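Those protein sequences? They're chains I and A, same order as listed. To convert, note that position 11 of the first sequence is 11 in the entry's author numbering; the numbers rise steadily by one, no gaps. To convert, note that position 84 of the second sequence is 84 in the entry's author numbering; the numbers rise steadily by one, no gaps. The structure under discussion appears below in the form of structure tokens.
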Amino acid sequence: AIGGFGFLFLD
Amino acid sequence: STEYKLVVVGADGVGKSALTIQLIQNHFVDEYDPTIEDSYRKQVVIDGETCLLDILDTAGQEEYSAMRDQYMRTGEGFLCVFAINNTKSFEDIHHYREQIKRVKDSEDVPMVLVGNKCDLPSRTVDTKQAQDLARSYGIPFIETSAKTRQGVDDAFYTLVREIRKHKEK
Ligand SMILES: Nc1nc2c(ncn2[C@@H]2O[C@H](COP(=O)(O)OP(=O)(O)O)[C@@H](O)[C@H]2O)c(=O)[nH]1
Ligand SMILES: [Mg+2]
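Following this line, the structure appears as structure tokens:
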């Protein structure tokens, strides 16, 4: 869950 | 040869897949499934050095992907792509950049801002606005066309150059 989005669902 | 892990990020429809295919296979595709995320390996000589560029062409993904996760750990440089005829894709750029800084846990990540579709006449994102943003980040800005191939090698070559300079520091 690294934001901001940006790439979606980046965990 | 020397290996470089590159990642191409940007809004859906900016031309990430078209730019990568133009670099790898020397052809322009009018249509490439927007949901497909894959990795490519471009073999090219840069500044005398034989480079093996492993490039992740990103797409929206909810479920865990071992390939995406590998690039999250090992990705050395990022092309942040917007389309010059899409102000919304330009607005996303700062979010892609802030997220990349958090992924690498670093304020200095090799990156190049790419303004794609420069062959189109109905420009809505000013070159000055993109050059100003790239200046504020301390990164290069390159205008490209996956259609004509203009700037494609420059975008990827420049990113490899940026990763080389970061590794020197
Ligand atoms: N005119 C023009 N169209 C492009 C260019 N690059 C991509 N496209 C088109 O833009 C659309 C989206 O491209 P695609 O590579 O799928 O984008 P992605 O979602 O970022 O992978 C497609 O219709 C492409 O043919 C370019 O430089 N010029
Ligand atoms: Mg794509």
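We put the CB at the ideal spot given by N, CA and C, even for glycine.
By how many angstroms is the C-alpha of residue j removed from the C-alpha of residue i?
i: residue 88 (chain A); j: residue 55 (chain A); result: 25 Å
i: residue 31 (chain A); j: residue 13 (chain A); result: 10 Å
i: residue 133 (chain A); j: residue 107 (chain A); result: 16 Å
i: residue 5 (chain A); j: residue 100 (chain A); result: 14 Å
i: residue 93 (chain A); j: residue 77 (chain A); result: 15 Å
i: residue 153 (chain A); j: residue 23 (chain A); result: 7 Å
i: residue 128 (chain A); j: residue 169 (chain A); result: 30 Å
i: residue 10 (chain A); j: residue 71 (chain A); result: 15 Å
i: residue 57 (chain A); j: residue 25 (chain A); result: 14 Å
i: residue 3 (chain A); j: residue 120 (chain A); result: 34 Å
i: residue 5 (chain I); j: residue 79 (chain A); result: 16 Å
i: residue 20 (chain A); j: residue 75 (chain A); result: 16 Å
i: residue 51 (chain A); j: residue 163 (chain A); result: 12 Å
i: residue 97 (chain A); j: residue 137 (chain A); result: 9 Å
i: residue 166 (chain A); j: residue 124 (chain A); result: 33 Å
i: residue 117 (chain A); j: residue 148 (chain A); result: 9 Å
i: residue 157 (chain A); j: residue 29 (chain A); result: 21 Å
Which of helix, strand or coil does DSSP assign to residue i?
i: residue 41 (chain A); result: strand
i: residue 14 (chain A); result: coil
i: residue 4 (chain A); result: strand
i: residue 50 (chain A); result: strand
i: residue 19 (chain A); result: helix
i: residue 156 (chain A); result: helix
i: residue 172 (chain A); result: An answer regarding residue 172 (chain A) cannot be provided, because it is not within the stretch 1 to 169 covered by chain A.
i: residue 36 (chain A); result: coil
i: residue 57 (chain A); result: strand
Name, please, each residue of chain I whose Cβ falls closer than 7 Å to the Cβ of residue i.
i: residue 58 (chain A); result: 7
i: residue 102 (chain A); result: 2
i: residue 9 (chain A); result: 7
i: residue 131 (chain A); result: In chain order: nothing, as chain I lies at least about 22 Å away.
Going along chain I, which residues have a C-beta under 8 Å from residue i?
i: residue 96 (chain A); result: 6, 7
i: residue 61 (chain A); result: 8, 9
i: residue 99 (chain A); result: 2, 3, 4, 5, 6, 7, 10
In chain order, each alpha helix (DSSP H) run of at least 4 residues that lies wholly inside the segment 75-132 of chain A: 87-104
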